[PDB]
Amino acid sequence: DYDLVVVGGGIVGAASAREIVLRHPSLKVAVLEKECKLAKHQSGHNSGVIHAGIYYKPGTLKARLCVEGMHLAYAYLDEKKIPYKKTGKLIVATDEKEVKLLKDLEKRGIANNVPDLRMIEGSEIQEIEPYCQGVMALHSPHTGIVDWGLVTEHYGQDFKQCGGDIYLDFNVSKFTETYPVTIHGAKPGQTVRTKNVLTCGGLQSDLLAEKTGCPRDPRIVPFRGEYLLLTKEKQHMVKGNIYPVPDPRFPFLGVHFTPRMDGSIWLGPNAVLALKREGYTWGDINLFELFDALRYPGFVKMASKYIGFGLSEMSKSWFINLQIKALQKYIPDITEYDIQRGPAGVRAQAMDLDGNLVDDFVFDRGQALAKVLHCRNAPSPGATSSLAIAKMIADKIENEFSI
């Protein structure tokens, strides 16, 4: 019924299916999503920041796609008239040990050609954020905030305006050979036949790849990202984004202060090991989803080296008074009575056999069903670089299937 279908209604799958039919309008492209609407998981529960590209090492792939995607996104928001607020980004250092890291993020950010990056001292910190302390800060006024869930839906809008079809409530559960390939949903009779596919399963990147002939690695390890909602009384204390100086050994950016479109400013997210693939709450646990997460060889290797950082993140979440004490190192005007537990997101972090966290493209196919391409990982961050990542995925697909 179709030529190629994209499995995944996330911002990556929507932007890829959009980009491929814009350049090739003669291709019947469909999209299968297991949920009611688009961007229900990662791209629907994010902090909503358009990143400038500072943390990523120059000359790498992630440093190029982020800077290119940040300009492609801003140009896309004006064409579609999507609301967005360009607020300041302050990477504030609190002691003499973090400014050395801040000085590395300084030279690393300038090499990526981020627009108008300045390094302010403690005197000018209140000039951008009057309520924030710090020894030194890094100001990136080009960063902005946007609802990536609305951005994801606008991708699907332009997708089917060119002839696409978005099949929502379609839980892909099996691939069969009959248009040679055939896709089967969770409901009986719900089936779609095509020639090739391209999956962007996000949190189920590996499980979709296990139903074609790909190995278990790289396994998707769920990391919950919890947020705290500051009360409306003190929303004026944060004008823009206030980021901390993170540990460069991990891709996590740490809990930060971030405003949103609805005037709400949120505190987060953290790095909490989710005991469930879609474990948005701490109580929700799946025994089968962690027996494999524990029997995975790479998990024991990462835990052998980085168990202390994951447990202290879980410590600051068990007792939020510890998290407040950390946030007071930046804005000491916030107490435990000025916040309340909000929603959270889960990160689909890839992991190899050695325990490293993957931050690179991971395409895989079977060893008819083989030669079905699975995008098991995309470079961070997937939201800002979405349009740039889409073009790169729109190049891998045309050589794997000859379009």
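Residue numbers run from 1 along the displayed sequence.
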*Scan the PDB entry between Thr178 and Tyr179 and report the missing deposited residues as one of none, 1 to 3, 4 to 9, 10 or more.*
4 to 9
_Between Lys371 and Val372, what class does the number of missing deposited residues fall in: none, 1 to 3, 4 to 9, or 10 or more?_
1 to 3
*Which of 389-397 and 5-13 has higher mean CA B factor, as the PDB entry lists it*: 389-397
*Quick one: say whether 164-172 or 114-122 has the higher mean Cα B-factor in the deposited entry.*
114-122
*Looking at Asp206, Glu226, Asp78, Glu313, which has the highest CA B-factor as recorded?*
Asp78
_So if I compare the CA B-factors in the entry for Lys37, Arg376, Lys28, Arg347, which one is the largest?_
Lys28
*Would you mind ranking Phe299 by its C-alpha B-factor against the rest of the chain and naming the third, lowest, middle or highest?*
middle
*Considering only modelled residues of the same chain, in which third does the CA B-factor of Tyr74 rank: lowest, middle or highest?*
middle
*asked:* Could you place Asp333 in the lowest, middle or highest third of its chain by Cα temperature factor, using the values in the record?
replied: highest
*Taking the C-alpha B-factors as the PDB entry records them, is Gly342 in the lowest, middle or highest third of its chain?*
middle
*Of the three thirds of its chain by CA temperature factor, lowest, middle or highest, which one includes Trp282?*
highest
